[PDB]
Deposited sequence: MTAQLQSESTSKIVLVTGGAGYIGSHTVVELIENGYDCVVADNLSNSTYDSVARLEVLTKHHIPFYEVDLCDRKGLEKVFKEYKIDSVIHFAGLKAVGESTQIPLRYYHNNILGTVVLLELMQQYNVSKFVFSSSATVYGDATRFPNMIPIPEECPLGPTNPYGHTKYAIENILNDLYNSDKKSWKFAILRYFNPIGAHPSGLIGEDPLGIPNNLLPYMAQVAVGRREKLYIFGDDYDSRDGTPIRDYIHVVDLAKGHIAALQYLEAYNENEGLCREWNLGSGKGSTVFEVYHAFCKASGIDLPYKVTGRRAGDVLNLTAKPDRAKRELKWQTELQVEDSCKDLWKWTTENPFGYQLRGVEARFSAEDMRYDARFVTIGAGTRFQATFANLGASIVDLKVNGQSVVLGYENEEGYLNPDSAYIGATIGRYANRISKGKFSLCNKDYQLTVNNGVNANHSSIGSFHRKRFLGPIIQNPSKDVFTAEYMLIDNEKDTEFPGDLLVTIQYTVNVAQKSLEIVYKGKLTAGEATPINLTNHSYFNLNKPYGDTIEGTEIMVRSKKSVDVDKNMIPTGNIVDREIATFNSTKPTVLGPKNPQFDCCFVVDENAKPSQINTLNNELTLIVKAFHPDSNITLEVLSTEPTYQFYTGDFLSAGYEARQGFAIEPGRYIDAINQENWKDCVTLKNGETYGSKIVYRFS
């Protein structure tokens, strides 16, 4: 797979282009100093594209810092979007524009020269042309229109275009450069997941209109009909233009080079008002309220074989979707993040949703772990300050997503599709919690964080688990959607899994949170009152494997007069409770099943109540008697809804843990506090 270095990749256009790149088979690495963006776009892209996107928070002007990228990955090509681009502001702080824009480019190019990277796609701008009307018949603007920027920003782009040409000319066989003159990019990815998030005050017609329609701006000011003209290009069409440029460079010989420029525009001139109207039409709202700059797009069409395919209307609808779904952009009140590994390692973060409220949930990319749950300011689960603790080799699987298969598998073996598999044995004579392939140590993509409604926050993570990398068969795609309802103090966990390749895989995920409802006071779970839905449980042998029988455990149920009180030492549980002793488990996806209340836990000293519910057939209950790795025995209790023990080897339970090609595994767990 070709690796493309995308500078300024967390920004607007760059982010959209990453989508196209990944979709076209390229792998991307993003380098961005976040001067006009946040990492959130990148995190969202991971999920949207179903690919990890290595990210470097770096200023291109920092040679040492940028060199690491070239040392860490074999870069095949670079698309350079990084830069300052506010024309207005450029007139005011020209030195910063030139320093940032020119120096960043030169450093990047010097490293490429050094690392022998020859392919470069540059974000130029129609601003290089200046006022084309200074010439006759220059509208629409051809690539050949003489350059003459009229603002510092344009000046910087013009300088960069010359550096490129000069550089190619200096070693014609070692450089393949595509200079792309963008016109006015507008719009958002149709999914509504990413868009332009102007960190400050929209300088642009569009983002500014949008901020108005959403009350972020009181009113918008309109600055042939009366209105200055532009060529509004859908950011998706623009992004695709980059893929066309890359292929063009790719057509050239290893031994050959080139330097050429292309306008990337629709060729359609738009009347500000015309836009307004398109927008108002799109948003269903009435906002308040150089001559021309239209591209001649013939060269790109003929040479790059590219042309816009979307309309201003599409740009408007798409922008409107992104806007309505994210009125305030990526940054959200009630959402906070911190590093959980090395400074600046963005894919190693602890993100808290419901931050500053009576119900705060922290999740980690690592194991899509539930790092903490705070109810009324009090933490109710066990966890570690950083990834280091989670990564202990003597794991108790605290707060983790367990996958692909929770609990025990007899002797680590199973057969499927008439093929016999052997998993690494790690617990007694069996493989527990999928041993070496445990999700608890795997790093998930994302997250995508939303605040869809008052008091509601969501976090979605994804995991790509390829056959080639595990003892299990098949390429599995997993998604985890966490929904935090602050008003109800509830956490909903929805698992989905699907094979992208392979005939089938055993699957049985869960969350291994360990609760402790009395942290402020108290060295153990002692004092906790427990009641479960029913005593019916999976009978097991000396090796924790099912005997085939179903027996009662001695524990309180919801109808008992008194609850089971957990003492400092006893009672001790480590068993699988059955929801319906009758049930003939047939479903790979329980998402539409009833959300059954399975466990009630209460601590009289903190007065907190926890209820766990699940659409799953069984639930493991464990008193943390064997708690290690930083904790001691009985410091927390686990409740893991799922599918029996060794189901894969059990005649009557195997189908419900067998994910076949074409189907979707689904499971839901809910924790509610009161």
| item | value |
| --- | --- |
| Sequence ranges absent from the coordinates, based on the deposited chain and numbered from 1 | 1-10, 234-239, 306-314 |
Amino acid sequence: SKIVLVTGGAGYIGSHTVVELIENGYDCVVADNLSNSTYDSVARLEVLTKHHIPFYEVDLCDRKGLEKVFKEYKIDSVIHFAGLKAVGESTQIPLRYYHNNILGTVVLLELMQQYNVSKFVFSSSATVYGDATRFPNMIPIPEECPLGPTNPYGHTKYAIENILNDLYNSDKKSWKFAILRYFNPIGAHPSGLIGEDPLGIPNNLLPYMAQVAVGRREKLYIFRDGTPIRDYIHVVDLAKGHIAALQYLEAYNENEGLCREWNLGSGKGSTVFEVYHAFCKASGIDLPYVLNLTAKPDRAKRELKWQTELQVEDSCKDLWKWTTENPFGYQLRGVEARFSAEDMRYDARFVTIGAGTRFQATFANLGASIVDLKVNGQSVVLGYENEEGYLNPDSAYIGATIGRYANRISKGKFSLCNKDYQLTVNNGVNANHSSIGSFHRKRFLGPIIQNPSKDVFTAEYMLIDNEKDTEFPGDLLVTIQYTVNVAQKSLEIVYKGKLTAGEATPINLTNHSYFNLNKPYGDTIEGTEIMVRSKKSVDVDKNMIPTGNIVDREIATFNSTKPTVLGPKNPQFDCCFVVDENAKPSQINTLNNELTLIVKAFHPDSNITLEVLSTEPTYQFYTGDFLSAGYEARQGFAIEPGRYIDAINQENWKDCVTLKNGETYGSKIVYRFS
From here on, numbers count along this sequence of modelled residues.
property	result
Comparing 146-154 with 194-202, the one whose average Cα B-factor in the PDB entry is higher	194-202
Stretch with the higher entry mean CA B-factor, where the candidates are 269-277 and 513-521	269-277
From 220, 366, 382, 591, residue of greatest CA B-factor	220
Largest Cα B-factor, entry values, listed residues 421, 461, 350, 182	421
Modelled-residue ranking by C-alpha temperature factor, third containing residue 45	lowest
Third of the chain's Cα B-factor distribution that residue 406 belongs to, per the entry	middle
Lowest, middle or highest third - CA B-factor, residue 506	highest
Residue 640 CA temperature factor, ranked by third within the chain	lowest
CA B-factor placement of residue 394, once the chain's modelled residues are sorted into thirds	highest
